[PDB]
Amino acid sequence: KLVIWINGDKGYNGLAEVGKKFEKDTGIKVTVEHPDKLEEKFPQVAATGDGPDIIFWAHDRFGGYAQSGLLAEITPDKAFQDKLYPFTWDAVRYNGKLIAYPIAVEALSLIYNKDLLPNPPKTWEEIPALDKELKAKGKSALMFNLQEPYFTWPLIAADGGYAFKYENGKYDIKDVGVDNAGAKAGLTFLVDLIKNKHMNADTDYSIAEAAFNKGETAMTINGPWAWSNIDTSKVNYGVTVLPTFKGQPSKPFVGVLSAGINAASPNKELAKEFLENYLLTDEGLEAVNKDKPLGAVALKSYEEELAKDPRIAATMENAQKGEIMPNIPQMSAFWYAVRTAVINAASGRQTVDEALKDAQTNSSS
């Protein structure tokens, strides 16, 4: 009776273990699913009053579901809210109402093979040279998901790109920073790495992951969820600050994996009890984190154990160098516009200037 959607890159088996712990106490079975594009499927099935009871995604998507009336306002009392970091409640704050439970805070870091690269580059600019050392050996410096703007954004933003100008605890949807000087420098650098054969326009999550995990590439760009598979692989890896660009620190967009309750769910009390009293506990999170690391968890008591982990220290350091995603409805437009921008600039279909121009138009209008 309890159906959960969570993306395929997350700890869905650990989450089902927490769902067994629930069935044990309530008699209610939990069905964890990981459909493709589920963030895209949700507004379509919830808009007809359909979908899962609970949906897990980064908080960025949630402003849009909320103002469309697809998410239940959640009702944690103040004692429960005191359990979690204040900024993680900020992330799910839409129009002044809490619209999801925050689970974990995610930032991309640089992941490097210590065997091939004992001292990883401090800069983007030294990557070309390193690539030339590695190639001679049949290996490459760096492979990461080029298809999703999330992975390329840290670089576009370094020298001054931004999504929506942040004013007073607010956001201006007419002021988009996707087509400024810093955005152009950033995307030009990425396009120049592809042009000079240091990376390939067609590299995706799976391709990049298999290459790093097999030891074919010295580095990758990835988040906490990815470290379990690296642990299984026998690559000896470090988790560090992203390269700087033009002497500036890469600025990843920071996501707070969050759990929304479908407004059409006839099981809202069950969903509440599951999220508060099973998932968001030291035991629940550890069942999930054990499956695929979550990053810096929202739950203070569990985060203090995780915080000592140097991979977590470097995750939080990249997070502090980047920006919390907006949750406003306009984010999916912003993301679709930067997706096409980067794809088209990588492939040659548009120059950097004309790609970022059209993204600016599509992000803001």
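Quick note: we count residues from 1 along the sequence shown, nothing fancier.
Out of 165 to 173 and 70 to 78, which one has CA B-factors that are higher on average in the deposited record? Looking at the recorded C-alpha B-factors, 165 to 173 comes out higher on average.
For the stretches 296 to 304 and 30 to 38, which has the higher mean C-alpha B-factor as given in the deposited record? Comparing 296 to 304 with 30 to 38, the higher average CA B-factor belongs to 296 to 304.
query = Looking at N262, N119, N277, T220, which has the biggest Cα B factor in the entry?
reply = In this record, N119 carries the highest C-alpha B-factor of the candidates.
Highest Cα B-factor in the deposition, which of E216, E209, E148, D90? So the option with the highest C-alpha B-factor is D90.
Check: Is the Cα B-factor recorded for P252 in the lowest, middle or highest third of its chain?
Finding: Within its chain, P252 is a middle-third residue by C-alpha B-factor, going by the deposited values.
field: Third assignment of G138 from its chain's C-alpha B-factors
entry: According to the entry, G138 has a C-alpha B-factor in the chain's highest third.
Q | Third of the chain, ranked by Cα B-factor, where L2 sits | A | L2: CA B-factor falls in the highest third of its chain.
(message) Considering every modelled residue of the chain and its Cα B-factor in the PDB entry, is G64 in the lowest, middle or highest third?
(response) Within its chain, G64 is a lowest-third residue by C-alpha B-factor, going by the deposited values.
C-alpha B factor of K10, ranked within the chain: lowest, middle or highest third? Lowest third of the chain for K10's C-alpha B-factor.
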